[PDB]
Structure formats: C-alpha cells, structure tokens
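Chains as they are written, first to last, in the deposited numbering: chain A, 524 to 653; chain B, 311 to 343, 355 to 539, 544 to 620; chain C, 15 to 159, 179 to 363, 389 to 615.
Structure record follows, encoded as structure tokens.
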Amino acid sequence: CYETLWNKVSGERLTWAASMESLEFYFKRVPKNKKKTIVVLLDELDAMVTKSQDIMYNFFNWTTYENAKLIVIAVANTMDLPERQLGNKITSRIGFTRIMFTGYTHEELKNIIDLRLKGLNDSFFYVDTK
Amino acid sequence: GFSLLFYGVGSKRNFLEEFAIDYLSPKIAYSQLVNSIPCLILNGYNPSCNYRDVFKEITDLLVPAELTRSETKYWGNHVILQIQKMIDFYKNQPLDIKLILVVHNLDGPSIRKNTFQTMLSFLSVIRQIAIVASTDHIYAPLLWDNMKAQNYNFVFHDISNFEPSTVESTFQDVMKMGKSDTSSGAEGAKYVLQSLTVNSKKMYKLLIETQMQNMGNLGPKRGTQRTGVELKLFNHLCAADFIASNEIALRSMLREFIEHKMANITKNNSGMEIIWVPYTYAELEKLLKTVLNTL
Amino acid sequence: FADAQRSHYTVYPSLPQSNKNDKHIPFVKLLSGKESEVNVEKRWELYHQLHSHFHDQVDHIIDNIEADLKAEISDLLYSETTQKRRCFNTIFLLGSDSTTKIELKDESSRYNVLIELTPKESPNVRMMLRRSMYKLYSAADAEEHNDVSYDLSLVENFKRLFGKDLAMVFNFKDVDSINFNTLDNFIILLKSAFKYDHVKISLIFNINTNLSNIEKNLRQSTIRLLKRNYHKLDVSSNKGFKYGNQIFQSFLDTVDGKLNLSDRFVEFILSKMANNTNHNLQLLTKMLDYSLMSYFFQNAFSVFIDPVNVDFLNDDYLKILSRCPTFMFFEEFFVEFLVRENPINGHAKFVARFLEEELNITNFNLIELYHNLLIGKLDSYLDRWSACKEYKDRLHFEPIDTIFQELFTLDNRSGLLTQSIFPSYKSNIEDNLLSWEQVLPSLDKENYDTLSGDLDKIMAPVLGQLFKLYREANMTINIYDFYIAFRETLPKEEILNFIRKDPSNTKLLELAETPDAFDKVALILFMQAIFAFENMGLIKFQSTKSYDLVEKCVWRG
DNA sequence: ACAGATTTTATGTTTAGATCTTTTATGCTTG
DNA sequence: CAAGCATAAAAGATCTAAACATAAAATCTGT
C-alpha cells in the first residue's frame, strides 16, 4: 500500500522501502507552496496492520507534520483498533476524528429499500406474450 | 600444545586474568621475538555469551582465510567447517602463539552447551592459540567425551583460594537465592543499566514500553522478532521525545546495547529493520517497575 | 562501561619497553635460583632436541598406521568381487574413530565418488538423499569439468549425463549416533538403485561398539539385504598391540640409557592405558610427554645427562647430591657409574624382536613386558605362551645392578603426574574444602599489622564452614534449620567487634547499633554461601514455589 | 563511458530453539 | 500399604527466527 500511494501521487514506480522514505520526505520537507493536497481512503485498515503495526503508524503520523497536506480517511470494523494497536500515548498525541457507524434499524432499512424502488414500484409495463 | 585448565573452590577469575594479561602475554611476546600478543578473554559466567559472536571476534582478530564454495558443503555449519579449515592451514604454520583465548567459567550456563563446547574442542587443536580455562562445577568433566577430551588435551591444575566471586554473582539475583531465572540474564541487564546514562535509560524505557504494547496487541512469551519495534518507528518515537535527533546518534548509542546483548537488531522477511529485547514479558515488566520507573 | 560485565572482549596489553637478551625463558633457575643461565639454556635446548627426536618417530608411526589402514580398506573395497550386481558390498569398521580419508582408486571407465554422511548432517531420509546427490553431482562435475534435481534419478541418468559408469561409496561417519530408523529407510531407498545395471554401491559402517547393536536395531529385512556381501573389518589403534609397542620402543630409544623408567611410572602408564581403549595411543603420548617435560622442569640434574657437562659439577650440586640414599648405601666417582649404559632397553628390544620374528607370537604388550622385567619376574610373563620353553635358557636376564638412578629417572613420587592429567576432580574439591587449613596458609608475622588479626585465626572461611555442616547434615535439609545451625556455629560478639572496627564507612556503623545486626549479617553470609554451593553443584533446590527444602548432591569421597 | 562488479529487494530452504498442551511418571500418605 | 490428591516432567504438536541460499533489477565503478 505504500508504493501504490507513491505510484498514484508521483507517477514513478518504487519498492516499498523506497516508497516509505520517498513519501516521508515528500510529507516532511517539500514546502506547502509546491504541493497538492491528497485524500487517502485507507479502506479495510484491519488487514493492513496485522503483525507489522507499521502502515497505520506511518499513515497516522504523516498527518501530524505541518508541511504535509494530507487528509487520511481510515475505515475499519473494530472501533478500538487505534488505541489498541498504537497505544494510548500515540493515539492521544495524534488527534483524529473518530466516527462510529451503527447498523440500520428496521425503519431505516425499509426506507433504503423503498428509495431504491421509487421508479419501479406500482408501475405499468407493456409485455408481449410472444 | 597443552591447553590448560584451572579447577578448585573460590573465584579464579581475578587470578586467571592476572596470569594471562599481566604475565603470559608480555612474556610470550618477548620470547617470540614489537607488540603484545592479543588476549581474547571470554566471560563464561554471562548467560548472554553466544558462540556466533565469539567466533566473529576470533575471525576478526586472527583473520583466517575464507572457505571456498565447495568446502561450504550442503548447508553445513560454517563455524565448524571454518575451524577445521583453520586446523588444516595451521598444521603447517610455525608453532608460535598468535592469540590466547581465556575462558572464564568454562562450565557456565550458556558455555556448557554442546555446540560451543564442540567449537572450543575443535579450536583448541590449533597450536597457534592457547586455551586457558577455569571450571567450577563438580560434574564439569561430564561435559567432555573421549574426542572432546583429546582435542582439549587438558592439563588440570588445582587453584583454590576461597575468593568470594563478586563478579560471578552479579549476573544473577541473590534475594531469591538464584533459584528462579538463573539463566535469564535479566539481572545483569539491571545491574549494567542501573547507572549507565539518563538518556540511554529513557530511550530504553521507550523501547521496553513499545515492546510491551506490541506484546499486548499480539501467557509469558519471549520477546521475539515478530513483536519487536521497527527502527524507523523507534527513530520517529525518539525524535518525538527529543532523545535521538537522527539515525547516526541513535545507531551509535544503540551499538553499546547491542554489544552487551540487552537488545538485538535484525531484518524482517520484508526487509524492515526490527529492534527487540529478548527478555520475558514478566522479566521486562519487573525491569520496568524496579529501575526504569524510578527515573 | 564495566569490562567484567561484557563478554568475549579482546584486550591488547601494553608490554613494557624494558627487556633483556635471554631472560625470556620458561625454565627457572633451580636450587633457590643459584644455577647459572648457561645450564638452563642447555637444558632447554636438550629438551627441545629430545622432544623433536621422539615426536618425529611418533609421527612416522602414526602416518604408517593411517597408510596401512587406508591401503587395507581400499584393497578390501574391490577384492576382485565376482558377485552378481544385485547387492551392495558392506564393510563394518569395528571400533573405528571417524578420522580417516578413505581414498577411492581412479578408474578410467568408472567414477568413484566418496559420499560422507554424519549424524549432524542427516536429520532424515530426504536430507540424506539430497546431500548425497549434491555431493555426487559436485564430485562428478569436478572430475568431468543445465541443472538436475536432487533425487535418486540423478543416479538413473548418470550414464546418459556423463557417459561413464558410477561407483558411489557411502561412508557413514558415526553410525551409532544416527537414529537407525532413518538409516534403515535410507538403505532401503538405496536398494531401489539396482535396476540400472550401470551403478554399483558400497556401504561403509563406522561402527564403534559391536554388531550386536546393529542386529538389534536394524530391521530383519535390512539385515538380510546387507548379509549378501558384508566384510567385518576390525580397524582400531588398540587392536593387535602392534602399535603401542612401536611408540613405547621409540620413547625407550629416545631416552636410551640416558634416562631410566621407574617401575611405578610404567605401572601407572599400564593402569591408565587399561582404562581407555577408544583413544589410547594419543593418551600414551600425552602421558609420556608430560612426564618428560616435568622431569626436565623440576629436576636440577637434567643438565648433566650428557657426559660433556659432567665436569660442570659445582659445590652446590655435590652438596645436594651428598644426601642421595644410594650414595649412603653404597666427580670421577659419578662418571664411572653414569656412562655405563643400561642394558635393560637393549635386552628388551632383543627379546621382543626374537619373539616377534620366528617364535610366531605377536599379541603382547611391550609396556607390560618392560614392567615385568623391571619387577624381575620375566619368567612369569614368558611362561604364558608355553612355547619358548627351549628358548628360555638364552632369554635369562641378569638382575638389576645400577646406582645413582634416583637423579636420572622418570617417576611420580610427589603426585604431580596423577594430579595433572587424571586428577580426582570431585575428590580433590572435597579434600580442599573439608580441610581448609592446608589450603589457606596460616600466618602470624603480620597479624598485628592487619585489621583482623584476632578474628582470622578463631573462625573459618564461610564456604568451607558451611560445607562442614552440609556434610554433617541430612539428605533433605530445611533452609531455616540449616541457617540456624550455621549462625549458632558463628561467634556472636566477634562479628560485632569486627563491624565496629571500620570507622570510614557510615552505613555499616548505622546498621551496627541495630540489635539484630549479627543475625542479619550471618543471614547474608548464609545466602552467599548457599548460592556459591548451588553454583558449584554441591546443593540443589526442590520446587521453587516452595523453596523451603534443599537436597545434597555430592557426598565427600 | 560503455560493459562488469556490487548492491538492493525478494524470496526459498534447513537447522537450532522456543512455548503450549496433553498425558503420566512421581510423591504424600495409613496400616 | 493403596486410593485419592496433588504437582511435576516427559513426549510432541505447532511455530518462529536464524543461518544458509539463490536471483533479477537497478546502482555504483573504472577506461
């Protein structure tokens, strides 16, 4: 996931270590005058951390730098993934907005289904028996 | 060509060191002829003594020839094969000693295992090095077979002076009489870290705490590589705490810990550097709460 | 840092710039440092020349042994076997140390590949096979100057690959150590390589104990397969007694009549030789060399071995030698009874040669014969064969008639020889520990100057004092009662007085006023001593969750 | 400055060493 | 004494980290 980001922000192809150092140097030393903001959607962060505990730290630390203009939108299943994985001190020294999603109620799911069939419910169709 | 052994009650560490460093080396240097003969002294009472590092020192000092690809054999141990090649090479060199390998407490915790004993057995056949050793255990001669006794070619000598062995008891606890975690080696780490440096203690505390966090994320287990801390992660954490500014200072001050086996640095399968402490989680917590936590 | 806390740290000492011409010599001036330096130098050079003379012959004998065994095994390997190519010939080397370079003869049409396998390099069958095939491929390619997978099919394709026949010889270095399940499976696997009619296999088993263990462990079918061609070959340094005799004769000639062997010394040689068979010749060489170097070291008269320096006798030499018991019982007087060479060595060599040429007796120990001749019961050793009855008339030997042999002899009367090569390790430890009086010297000249001139004499060292009670203790010992007894054996007021004797320290005197200061310093000493015992293995501890009991491991004597 | 020499990332392959878990060889213990 | 009861240690499942190993792409070195 490192090199992909680099390959999507730099057009070059680098290995994972070189991508790590390149992204860190681009998020740390390049002045804000000559950079364009990046929005990263770290979908399924659960699979990224595993034994490494490296991806998540790098991505939640690259947003701490003032030079870096990065809006990391991480998404996961377990609400307590950061505080467990990084530790209370690190998850406190990094201020990130936490959002929790609750499963839809019956009314909400009925509304979703009804909205997805607004154009077909109680409709007239011409059908040929042939 | 007689490797020499000292056995008896009391600590022979001071006596044997006095013999080898002050008397043996200058005298053999004078007789060979200038510089004194190097003296590799090997502390066997330390449970952190490793045979890989000992042979690394011996090959850094003596500098033997490398072994050819054919001589490597199919996955065979490189240390023993290199030693046998050294024996073959040294069977023709002039018979003048180029190193004395002092072995304190030859029957200690991490020095009595068969691998390092086999290494020393093959190493002592080399006439150009002198193997002076000391033993303490009563059943110490149980460690040597017929072949190992032949290769050692010992000449036992009795030294008994009832010395109190202050240095030997340092590496293990005495309040619990040493009955528990005798070969852990954490007590020596506590002793060496008690008064080392404030910044080194602080960064060691950071590393220990990160390792405990990783263990919790992952029963008392050893601190293996899978749970250790990444070098880049550690540098970032230290920079966030104004401990080590850059790579150079951190590596320079960490080499001291690496050489004393309080920590180890390896490379993961993906190539990421990892630094870890090989102590048990309970031992790590005790070390944190007894010396680290007092600041 | 603390260097004592390190491990395997090299140290380069700073040698002093002060030096002399020839002060650098291990030999020291004997007779209270009265002998001249020229005598010491002459002793050093004669020792070196004699050591070289002995070890040259020892090396020649060793090389002869290696060459003879290699030639014999190579001859037995081929032996012009007419057996059909349906089984592999096996050679069981009975009691062979795994130190030999089995040479395979070069054949124009057949590669001869020696594949050596060891228990460390054979965890299981697949690794046995992979290592064997790698060695085969490497040796074949080196001889012959794409890749092939490491499996038995490399043997199948060998004739096609290299256009030559194959002969693989498997040398199992330590066949006793390998778990015989994997060895049996590997042999059964090798059995599958007989469908090719261009490959011949030869197995060599370096057995150490006997064939009884091989029969017991190996499967019956494998033994049946091996039995088709096996050759029990007994190769060993201790078999036949024909090699220890050569080394002993070499030593006897390198001392000639210049030196004499004491009866008790050769008895000790025989006793220590009888207690070891796997490695015998090397132990004998070590014992002889150590005795020789010790004799040249702690004997002052070794400088006078050759006649040329007999005139170099001084007043101190004659004064010391005047107390010789042989002289009491009995320059120019000494030489006329010194240059007389001992005929014992020549007679022994003649007897050995006479019996080994035409008397058709070979199984005899020249060391045993020499010891018996030294005692003087040569008939009791020559009558066992019951064949030299008509030759005993000319084999009679005139009894021992020699004088001044105390000064030129090889013996162990001070016990250094037995306590430096085969010491009573545990017994020595217990003898030193029980009677500490003879280990730590007792001094009273400077007891006034020392700070503890009244406490050193009264009491005993802590570790030995604890060992006294430990020996007088029971099999299982409660720690509390042991400490109670140790403290009761400890004097009370003297410890406190010793504590008060130091005014420099302040924490010690602060703790001194505490009423149980003695009761806790004694406890500290007890923990130190019990830790030292645990380190030395004298005592052991039971389940650490209880830790209230200990067991004695080693008993005295 | 162009091909060789060295390095960097990226596995595969055996050996040496670890802890968990299950079973069962040790003690503790009345007559 | 055996059963009961307890803890303990052997035998092995399950696994990892290290030593030993090869290889293709990109970097660093001399003419």
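In this text, a Cβ means the ideal position worked out from N, Cα and C, and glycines have one as well.
Test: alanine 540 of chain A CB closer than 7 Å to a CB of chain B: yes
Cβ-based neighbour list, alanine 587 of chain C, same chain, cut-off 6 Å, excluding 5 preceding and 5 following: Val520, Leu521 and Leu524
Spatial distance of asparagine 532 of chain C from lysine 610 of chain C (CA atoms): 8 Å
Three-state class that DSSP yields for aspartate 198 of chain C in the structure shown: strand
Environment of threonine 104 of chain C [buried if 16+ CB atoms lie within 10 Å]: buried
Beta carbon proximity, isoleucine 459 of chain B to chain C, threshold 7 Å: yes
Cβ of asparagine 538 of chain B within 7 Å of any chain A Cβ: yes
Proximal residues of chain B, C-beta to C-beta of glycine 610 of chain A below 7 Å: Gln534
Contact with chain B by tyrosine 580 of chain A, beta-carbon distance below 7 Å: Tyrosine 580 of chain A has a beta carbon lying within less than 7 Å of a beta carbon in chain B.
CB contact check: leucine 402 of chain B to chain C, cutoff 7 Å: no
Alpha-carbon to alpha-carbon, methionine 306 of chain C and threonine 318 of chain C: Straight-line spacing of the CA atoms in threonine 318 of chain C and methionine 306 of chain C works out to 11 Å.
Element boundaries [alpha helix (DSSP H), containing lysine 37 of chain C]: Here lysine 37 of chain C belongs to no alpha helix (DSSP H), and DSSP marks it neither H nor E.
Residue from C:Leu417, C:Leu440, C:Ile419 and C:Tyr506 whose Cα sits closest to the Cα of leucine 427 of chain C: C:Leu440
Within 7 Å, strictly: CB atoms of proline 430 of chain B and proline 368 of chain B: Cβ distance < 7 Å, so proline 430 of chain B and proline 368 of chain B count as in contact.
Burial state of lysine 206 of chain C, where buried means 16 or more other Cβ atoms lie within 10 Å: Of the other Cβ atoms in all chains shown, 16 or more fall within 10 Å of the Cβ of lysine 206 of chain C; this residue is therefore buried.
Under 9 Å by beta carbon: chain C residues contacting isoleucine 331 of chain B: Correct list: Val25 and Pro27.
Supposed contact pair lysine 224 of chain C and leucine 258 of chain C - C-beta distance, whole angstroms, cut 8 Å: 6 Å
CB contact flag (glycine 109 of chain C, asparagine 204 of chain C, <7 Å): no
Below-7 Å beta-carbon distance, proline 545 of chain B vs any chain C residue: no
Cβ-heavy atom distance, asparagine 347 of chain C to the ligand HEM, below 6 Å: In the structure on display, the ligand HEM does not appear, and there are no ligands present to speak of.
Residues that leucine 420 of chain B bridges to, as DSSP identifies them: B:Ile450
Euclidean distance between Cα positions of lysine 119 of chain C and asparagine 262 of chain C: Cα to Cα, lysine 119 of chain C sits roughly 20 Å from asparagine 262 of chain C.
7 Å Cβ cutoff met for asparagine 239 of chain C and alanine 200 of chain C: no
CB contact flag (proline 545 of chain B, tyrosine 604 of chain B, <7 Å): no
Completely contained beta strand (DSSP E) runs for the segment 511-560 of chain C, where each covers 3 or more residues: 534-536
Neighbour-count burial assignment, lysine 228 of chain C, 16 or more Cβ in a 10 Å radius: Looking at its Cβ environment, which holds fewer than 16 other Cβ atoms inside 10 Å, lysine 228 of chain C is exposed.
Buried versus exposed call for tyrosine 506 of chain C [16 or more other C-beta atoms within 10 Å across all chains shown]: exposed
Neighbourhood of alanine 339 of chain B by C-beta, 8 Å cutoff - its chain only, sequence neighbours within 5 removed: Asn356, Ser357 and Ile358
Boundaries of the alpha helix (DSSP H) in which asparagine 490 of chain C is found, first to last residue: For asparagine 490 of chain C, the enclosing alpha helix (DSSP H) starts and ends at 483-492.
Cβ-based contacts, 9 Å cut-off: residues of the segment 302-317 of chain C near chain B: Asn309, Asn311, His312, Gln315 and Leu316
Below-7 Å beta-carbon distance, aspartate 569 of chain A vs any chain B residue: No, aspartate 569 of chain A lies away from the interface with chain B (no Cβ there is under 7 Å from its Cβ).
Interface residues of chain A facing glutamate 555 of chain B [CB-CB closer than 7 Å]: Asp577
Residues sharing a beta bridge with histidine 425 of chain B, DSSP: B:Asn364
Chain-ordered neighbours of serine 152 of chain C on chain B, where CB pairs are closer than 8 Å: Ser391
Spatial distance of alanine 445 of chain C from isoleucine 433 of chain C (CA atoms): 22 Å
Short CB-CB distance (under 7 Å) between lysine 206 of chain C and chain B: no
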